[PDB]
Every structure is written in structure tokens, then in C-alpha cells.
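Each answer follows from the model by the rule given with it, or from the source it names; no laboratory read-out is quoted. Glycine also receives a Cβ, built like all others from the backbone with ideal geometry; neighbour counts cover every protein chain displayed.
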Amino acid sequence: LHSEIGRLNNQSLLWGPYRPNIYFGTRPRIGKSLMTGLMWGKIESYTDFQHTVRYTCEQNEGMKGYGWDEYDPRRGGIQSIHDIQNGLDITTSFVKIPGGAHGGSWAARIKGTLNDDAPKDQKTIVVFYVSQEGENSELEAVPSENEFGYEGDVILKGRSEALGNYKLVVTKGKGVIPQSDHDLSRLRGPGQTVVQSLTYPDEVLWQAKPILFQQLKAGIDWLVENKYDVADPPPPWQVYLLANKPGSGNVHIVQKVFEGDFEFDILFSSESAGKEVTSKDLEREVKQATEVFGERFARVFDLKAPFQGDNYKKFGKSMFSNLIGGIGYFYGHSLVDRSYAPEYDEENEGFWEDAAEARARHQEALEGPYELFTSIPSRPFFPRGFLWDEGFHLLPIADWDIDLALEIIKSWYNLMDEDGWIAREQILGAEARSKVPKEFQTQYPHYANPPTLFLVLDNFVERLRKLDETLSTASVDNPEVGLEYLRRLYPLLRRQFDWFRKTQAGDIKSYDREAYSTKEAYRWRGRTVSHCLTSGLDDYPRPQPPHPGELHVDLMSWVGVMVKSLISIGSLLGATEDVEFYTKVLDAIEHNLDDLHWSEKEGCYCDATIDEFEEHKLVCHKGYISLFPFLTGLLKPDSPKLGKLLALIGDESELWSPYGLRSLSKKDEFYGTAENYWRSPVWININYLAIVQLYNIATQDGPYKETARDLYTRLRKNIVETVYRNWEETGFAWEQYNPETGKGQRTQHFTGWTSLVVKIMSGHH
Ligand SMILES: C[C@@H]1CN(c2ccc(NCc3ccc(CN4C[C@H](O)[C@@H](O)[C@H](O)[C@H]4CO)cc3)c([N+](=O)[O-])c2)C[C@H](C)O1
């Protein structure tokens, strides 16, 4: 039955607008295949369009906002885009129609509306760009009756091993098409939809904007050659109308010009399915998808007081839709340094200078290709897989569609090397690379990242103990199926656990350090003088200088998180030898936390180092780091240490701000210093962990029940209101929140773990 559910899942998920790096575009979950993309831009002059055209996502003064109003990757969704610069409000509706053997059919309506500021008679160029990769695949534009282009629908007929036979239609659509009285119309027509069919080497098909501009440039060149000049020039919008040249090729550019508002439809008809998809089909399925989304949202995300209000509901559906709507499929080579230089061992004082020199040998090389299906932090800034980010992303998604979450987990785990490493940032393919400066591309196999995907597995396990609707929860409704998934995955989790122990180990035995166990101690590789990028908390203060004797409490706590999970799952698979080993490790980490990381003087957990005189020193910077054993659920609900931590959490003069917990205490000497990335701001992911854990204490008999309840109540409210106030005033979810003013700061469109706010509002952990 497992293989059955798997086949149906493949078929359900194959098609999507899985190109979140651009405003609107589709591709299937197949590395080399058919992809589409939307471009648009006002044209007012002879030079302006190169500046106005839109394709890849950004955020600047010219763009008010954009995002998904509803989305499910199984059904589709609606996207809004508010473009100030081009004076346009765009809707993109995408929907999926199951049937056939090839992942079904889809359709999209593109609707544009001039806003109040735009000239009523603005000319807008719209382009739909289609490419196909494959050695055996074909795609052809059916030519038009008319002389110079199309009065009606453009039909592309194609075939591939992947997709079977298919037909992609770009409808005539509604809207005023400008007509030119110029002489040039004798040769190029007065104005109409036009198509160019081109062929380039597969590996450059993705560069739609440059491909396009080279054609525009060739049209203009042709004008100048044929004596169209400034003595009497054609209208701008006609200079940038391509000559019609439909045919076969691996690239097809469809171009329309509108005056005022417009709409058109894109219809993809899988031949192996029923009759072809119609515009009538599109509207019906859109209505249907919205109804289904409505119904699911209110079961899964039942917002509890005081967020029962309709304004909170809209906020929730926006945050949730943007998170899940950011799901991408990515395909290509990664850049990895596979030298395993000895300098990366960081066993020396000054190790950071050694490792810089090893990196300057530039031994890195492309490898793969790999594929990844994942959600992302940020469409405009970070449209790619980040390992510990995904652990947070998949918590709300799991609620919505557990089967979808497990697919993404599976996708991540299939990237793991034989050693147990997964690169923390997955930049797959040249397209992906185009958004990342060269300095930041290379991944290193000694760099770790918090194992947050373990949290999502933890939720899966609890749910397991305790057609699209059927498929979304198939893996928990069918315990046979759930266990098979775990059986297959379990080895990989174990591998990763061992990888952590081998590569991220700290040094107990080489110093004057007594502790309960001689095994358990951890040090993040990769730190520089001011940074520990691999821990996830970029610039959180750490022992100065970095030192091979350092021990990091956050890292050890992450290991704790992993062992607990391995016990849960290994129990369920009857891996008895395995569970007993885990149990010794849990026991040891519990003691070692206290023996090496607990500070009695300061009353919290701390990182450690080694003295100028070779002795173990605690280094305390009160902040998120300090509470890690708590945030990870390793402290017994009755512990005196827990109490001391709750004092810190609640203390206004330390971590507690009106707007959530500060990353670092106001009392710390490094508060609001340097880049201030994690040296004061409020971050929703860590606040989420605090909230979930406080609620855990509040719902059990114990000494801290009442205290925890008070803190849970206020923190939940403070975080939700902060994210919401900002969302109201700005339209955006932000990366982090200022603890003095409550304003969102750093990057916009962070959906992104900011979206956990949906889970916070709905409660019942
Ligand atoms: C669109 C493109 C953006 N570019 C660009 C890309 C990358 C980087 N640094 C790498 C980087 C990557 C991710 C984050 C976010 N965030 C940080 C949290 O701290 C982590 O915990 C969390 O893992 C993580 C993910 O959310 C922060 C920094 C920089 N840069 O630093 O100058 C610039 C420049 C070009 C011009 O434009």
C-alpha cells in the first residue's frame, strides 16, 4: 500500500507554479522539462521598457507588495501583485486539473488592472515565455491564418518522454490592442499578438530576460537598416513588437500589447487526460479551489482568542498562503569544496586564518546534478533551501498537509552524502546561482546547521501514535504507510546523528575538565572572530577569541533534540540495540549540560572556552543561547534551573520586551553592537520555541504551571500583535522585529519562519 500512496502523491504534486524566484511561472518536478514565465512592463518611451519590465522577484520603492491570497500546491491558488512603477494591479490565478498518466493539466488566468495613478491609455507589454529541455523533446507553434500574427489563440503542440503529448494555449484574451497608423504597419502589421520560436543550448534556456532583449534588439536593428529613423519614427510600443516567426524550437516567446486593462488565459492540456482544458474549466476550478481552501483553513488553523476576529483570519491566510506558496522545485549542480583540507579541522589556535588559506586554494567544483522540492525564506532575497529554516517552515505546513511535509523532508534527506552531511544552503543550478554572489556560493562538508527537521518528525510521530483530502493525510491515516516511511528514513537520521558526533565534537579529555561523561561535548565548526554562521545565529556573541576548546550549549541541545527523536522512532521500529545506545547518550547529555554549561553565578546556561591559563571558563551572554536546553524541551518540568530561566525570560531589564523576547539581553555589553543581527532584535522562530515550551509547562501539574501560564499568555499575544501590526501597516512579514519600537526590519517578504505566527494563533500544542 506504501507504493500505491507514493505513486498517487507523485501524480498529485508534479505540476505547480514552483518557480518562486519569479512573480509567476510554472514547471513540473522534473529536472529537464517544460517551464513558463510571465513578464510585463509599461512602455512610454523609446528606452524605458528595459527599466520597467518585471520578471524575477524584487522588493523596492517601485513595488508595493505581492503574495498569494490562497494556495495549496495540490489544487492551485490566487496571487496578487501591486506594481506602483507600472501602475498595475495583477492577479494570477493558477489551477490544476487531475487526469491522465502524466501529472494532469493546469490553467492560469492573468488579469491586469490600471490603478488610479496610471494614464487611462497606458501601453503595457505582456510576454509569456516557454522553454523546454530534453534531447528527445519537441515543441511547436501552430502558425496563424493572418499575415503578421494572431487575431486569436496561440497553440503550442509538444511531446516529451516526461510529459507525453500535450498542448499549451495562450488565449486571445480581453483588452484594447493599440493599432499603429505608421508606414511600418505595411510590413509588421498594425498591432497584434506575435510569436517567436527560437532554439538555444538547453543550459541557457532559463535566461528569459536576455533572450528576450536580444530579439528586441534584433528588431530595432532591422528598423535602422531599413530606413525607419527619427525623421518619422513608429510608436514606441511598435518598435518593441517582435516580428512574428512561429515555428519549432526549445524557446517560444508570446507577446501581446494592451491599452488599458487586460486579461488572458494559459491552458495546458495533457493529451493523455480527458478532453482539452477550456476557459470555462478554469473559472469553475478556481471557484472550487477557493471553497476547499476556505474549509481546510478553518479546521486546521482554528484561531483561538483573542484572535478569533476576521481581521486576524485574513492575516493568518496571508501568512500561511505565502509560506506554502513559496514551495519551489530546484535542479542543477551545487558548488562544494571536497578537498577536506586539514585546516578545516580547526584543532589549532588561530584556526580561522588557516581555514581562510584553505578556501583560497579554490578546490571547490560543481557536483550533482541534484533536485530539491522545498519552501524558502524569501522570494525576493533568498529563494532557495535553507536547512534549519525548513524545520520551522514545515511545522505549519505539516498541520495543513502532512503528506506534503514528508515529501519535502524526503527531498531534503535524499541530498545527504555517504558521510551524513547535507549542505545548509542548497543553490541548485545556474539560475539559482544568478541570485547569490560568488563569495557565498561554495558549501563546505564540515559546516552543520541546527537539525530542526527533527521537530517536524516529532510531530509526525505523535500524530501517528494518536482524493486530495484523502492524500493530504494518507501517511497518518494508514499506520502501515507511516511506518514504512520511517523504516526507510531512519537509517539516514542515524547517519546524520553520527555525522554530528564525528565532525562537530568538542574536546573534554585534552583539558582540566571533569564532567559526568567524557563523550558528550560539541563545538560548531566554521566560526570566525565575529561570527558563527553554522549555528544559525550569525553574530550572537561567543567566546573571544574562538578557540578549539570552545563548547557550545546550543549545539549540545540540538543533539539532545536528535537523540529523543531517535528513541521515539527507533522504539517504533524495534531497533533495540539502537535505543539503548541513544538512552545512554540522552542520560549523558543531560548531566553534561549541567556539568559544563550551567552557571550558578549568572543563573543560566552558557558557552564554554579555555582560559588564557588553560582552564575551563564559562562565557555568559544572556540571550537566546542561554535558554537553549529549555527551548529544546530537555529540562524536567520540576527543575530549579527551569525556574531560574523563567525569571530571565520574564525579566524586562534583560530579554522581555513589549514586542517579544530580545535575542540578547539589554544588560549584555554587546547589546546593539556591530551589525546587531542577533544582538537585540526579536526573532519569531526562537520566540515560537519559547512559546511552545512555556505552554508545555502551563498544561502540566508542577511548581511553575502558573508562572508559565502567565508568560505563555503574554508572549503569545505580544508576538502575534507585533507581526500583525506590521503586516497591517506595511503588507509584509519581516525577518525580525525591533525590540524598542516594534517595527519590522531587515528583509521583507520573510515567509519564512515569520509564518509560524499562524501556528501560534491556533494554539493547542
Ligand atoms: C538577492 C541577492 C541577495 N544577496 C545576498 C545573498 C546572501 C547574502 N549573505 C548570505 C545570507 C543568507 C541568508 C540570510 C538569512 N538568514 C540569516 C539568518 O541568520 C539565518 O539564521 C538564516 O539561516 C538565513 C536564512 O533565512 C542572511 C545572509 C548577502 N549578504 O550577506 O550581503 C547578500 C545580494 C544580491 C545583490 O542580491
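Would a scan of the range 305-316 turn up a residue that is surrounded by fewer than 21 Cβ atoms within 10 Å (Cβ to Cβ), more than 16 Å from the ligand (Cβ to nearest atom), in a strand (DSSP E or B) and charged (D, E, K, R)? Before you say what the answer is, go through the steps one by one.
Filtering the range 305-316 down to residues surrounded by fewer than 21 Cβ atoms within 10 Å (Cβ to Cβ) leaves 305-306, 308-314.
Okay, now just the ones that are also more than 16 Å from the ligand (Cβ to nearest atom), so 305-306, 308-314.
Next, from what is left, pick out any that are in a strand (DSSP E or B): none.
No, the range 305-316 contains no residue that is surrounded by fewer than 21 Cβ atoms within 10 Å (Cβ to Cβ), more than 16 Å from the ligand (Cβ to nearest atom), in a strand (DSSP E or B) and charged (D, E, K, R).
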Looking at the range 514-529 only, could you name the residues that are part of a loop (DSSP other than H, G, I, E, B), more than 16 Å from the ligand (Cβ to nearest atom) and of a type outside the set (K, R)? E514, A515, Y516, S517, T518, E520, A521, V529
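From the list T113, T52, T56, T47, pick out the single residue that is under 25 Å from the mean Cα position of the chain (by Cα) and of a type in the set (S, T, Y). Lay out the reasoning, then the answer.
Details: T113 fails: under 25 Å from the mean Cα position of the chain (by Cα); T52 fails: under 25 Å from the mean Cα position of the chain (by Cα); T47 fails: under 25 Å from the mean Cα position of the chain (by Cα).
Unique residue meeting the criteria: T56.
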Need the failing condition index for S510 against (1) away from the ligand (no atom under 16 Å from the Cβ); (2) assigned to a loop (DSSP other than H, G, I, E, B); (3) under 30 Å from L492 (Cβ atoms); (4) not acidic (D, E), just the number. (3)
Check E390, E347 and return the single one that is among the acidic types (D, E) and either within 16 Å of the ligand (Cβ to nearest atom) or part of a helix (DSSP H, G or I) (or both). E390
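Test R662 against the stated conditions and say whether it is of a type in the set (K, R), in contact with a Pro (Cβ under 6 Å, 6 or more places away or on another chain) and either within 16 Å of the ligand (Cβ to nearest atom) or outside the structural domain of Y66 (by TED's automatic domain parsing) (or both). Quick ask: steps written out before the conclusion?
Details: of a type in the set (K, R): yes; in contact with a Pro (Cβ under 6 Å, 6 or more places away or on another chain): yes; either within 16 Å of the ligand (Cβ to nearest atom) or outside the structural domain of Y66 (by TED's automatic domain parsing) (or both): yes.
The answer is yes for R662.
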Is it the case that the range 530-548 has a residue that's more than 16 Å from the ligand (Cβ to nearest atom) and hydrophobic (A, V, I, L, M, F, W, C)? no
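Each row is one residue, and each column tells you yes or no for (1) in contact with a helix residue (DSSP H, G or I) (Cβ under 7 Å, 6 or more places away or on another chain); (2) in the same structural domain as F128 (by TED's automatic domain parsing).
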site: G219; (1), (2): no, yes
site: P236; (1), (2): no, yes
site: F293; (1), (2): no, no
site: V300; (1), (2): yes, no
If you go through the range 376-392 one residue at a time, do you hit one that is buried (at least 24 other Cβ atoms within 10 Å of the Cβ) and acidic (D, E)? yes
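I'm trying to understand the selection: among the residues of the range 698-751, which are of a type in the set (V, I, T) and either under 26 Å from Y671 (Cβ atoms) or more than 16 Å from the ligand (Cβ to nearest atom) (or both)?
Residues of the range 698-751 that are of a type in the set (V, I, T), as a first pass: 699, 707, 713, 719-720, 722-723, 730, 741, 747, 751.
Selection gives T699, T707, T713, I719, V720, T722, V723, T730, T741, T747.
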May I ask you to list pairs of residues, at least six apart or on different chains, whose Cβ atoms are under 7 Å apart, with the first in the range 420-438 being within 11 Å of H333 (Cα to Cα) and the second being of a type in the set (A, V, I, L, M, F, W, C) and within 11 Å of the ligand (Cβ to nearest atom)? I427/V436; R433/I427
Any chance you could count how many residues in the range 551-594 are surrounded by 17 or more Cβ atoms within 10 Å (Cβ to Cβ) and among the charged types (D, E, K, R)? 4
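With among the aliphatic types (A, V, I, L, M) and crowded, with 20+ Cβ neighbours inside 10 Å as the only criterion, which of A289, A298 stands out? Even if it seems obvious, please write down each step before you answer.
On the way: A298 fails: crowded, with 20+ Cβ neighbours inside 10 Å.
That would be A289, the only listed residue that is among the aliphatic types (A, V, I, L, M) and crowded, with 20+ Cβ neighbours inside 10 Å.
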In this structure, does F262 turn out to be closer than 30 Å to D117 by Cα, in the same structural domain as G41 (by TED's automatic domain parsing), surrounded by 20 or more Cβ atoms within 10 Å (Cβ to Cβ) and not acidic (D, E)? yes
Under 6 Å between Cβ atoms, which residue pairs at least 6 apart in sequence (or on different chains) link something in the range 685-701 that is under 18 Å from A733 (Cβ atoms) with a partner that is among the small types (G, A, S)? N687/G660
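Here is a list: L756, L694. Which entry is closer than 21 Å to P306 by Cβ and within 16 Å of the ligand (Cβ to nearest atom)?
Working: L694 fails: within 16 Å of the ligand (Cβ to nearest atom).
Result: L756 is the single residue among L756, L694 that is closer than 21 Å to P306 by Cβ and within 16 Å of the ligand (Cβ to nearest atom).
In the range 675-689, is there at least one residue being away from the ligand (no atom under 16 Å from the Cβ) and not polar (S, T, N, Q)? Working first, answer last.
Going through the range 675-689, the residues away from the ligand (no atom under 16 Å from the Cβ) turn out to be none.
Checking the range 675-689: not a single residue is away from the ligand (no atom under 16 Å from the Cβ) and not polar (S, T, N, Q).
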In the set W237, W206, which member is in a loop (DSSP other than H, G, I, E, B), buried (at least 16 other Cβ atoms within 10 Å of the Cβ) and at negative phi? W206
Criterion first (part of a loop (DSSP other than H, G, I, E, B), near the ligand (Cβ under 10 Å from one of its atoms) and touching a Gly at 6+ places or on another chain (Cβ under 8 Å)) does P380 satisfy it? no
List the residue pairs whose Cβ atoms are under 7 Å apart, where the first residue sits in the range 40-65 and is in the same structural domain as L223 (by TED's automatic domain parsing) and within 15 Å of the ligand (Cβ to nearest atom), the second is among the small types (G, A, S) and outside any strand (DSSP E or B), and the two are 6 or more positions apart or on different chains. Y55/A208
Would you check which residues across the range 408-453 are within 11 Å of the ligand (Cβ to nearest atom) and either among the β-branched types (V, I, T) or part of a loop (DSSP other than H, G, I, E, B) (or both) and list them? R424, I427, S434, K435, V436, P437, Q441, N449, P450, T452
Looking only at residues in the range 244-283 that are of a type in the set (D, E) and in contact with a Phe, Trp or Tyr (Cβ under 9 Å, 6 or more places away or on another chain), which one is farthest from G16 (Cα to Cα)? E259
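For the range 59-138, which strands (runs of 3 or more DSSP E) that fit wholly inside it have 1 or more residues that are of a type in the set (A, V, I, L, M) and within 20 Å of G316 (Cα to Cα)? Spell out the reasoning first.
Numbers: elements: 63-72, 76-83, 88-97, 105-114, 123-132.
Because the criterion is at least 1 residues that are of a type in the set (A, V, I, L, M) and within 20 Å of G316 (Cα to Cα), the strands (runs of 3 or more DSSP E) in the range 59-138 that meet it are 76-83.
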If a residue has to be closer than 17 Å to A733 by Cα and surrounded by fewer than 20 Cβ atoms within 10 Å (Cβ to Cβ) to count, how many in the range 67-86 make the cut? 3
Among (1) out of contact with any helix residue (DSSP H, G or I) (no Cβ under 7 Å at 6 or more places or on another chain); (2) more than 20 Å from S755 (Cβ to Cβ); (3) charged (D, E, K, R), the one test that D354 misses: (1)
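So that you can scan it fast, the table gives a plain yes or no per residue for (1) of a type outside the set (A, V, I, L, M, F, W, C); (2) more than 36 Å from the chain's Cα centre (by Cα):
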{"residue": "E520", "(1), (2)": "yes, no"}
{"residue": "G526", "(1), (2)": "yes, no"}
{"residue": "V553", "(1), (2)": "no, no"}
{"residue": "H616", "(1), (2)": "yes, yes"}
{"residue": "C620", "(1), (2)": "no, no"}
So, first residue more than 27 Å from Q79 (Cβ to Cβ) and not assigned by TED's automatic domain parsing to the domain that holds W68 in the range 737-753, second residue surrounded by fewer than 22 Cβ atoms within 10 Å (Cβ to Cβ) and of a type outside the set (G, A, S), Cβ within less than 6 Å, six or more apart or across chains; the pairs are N738/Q745
Got at least one residue in the range 491-503 being outside the structural domain of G391 (by TED's automatic domain parsing) and under 30 Å from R662 (Cα atoms)? yes
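Going by what's in this entry, would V456 be described as in a helix (DSSP H, G or I) and surrounded by 21 or more Cβ atoms within 10 Å (Cβ to Cβ)? It would help to see each step written out before you state the result.
Values: in a helix (DSSP H, G or I): yes; surrounded by 21 or more Cβ atoms within 10 Å (Cβ to Cβ): yes.
Considered against the rule, which asks whether it is in a helix (DSSP H, G or I) and surrounded by 21 or more Cβ atoms within 10 Å (Cβ to Cβ), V456 comes out as yes.
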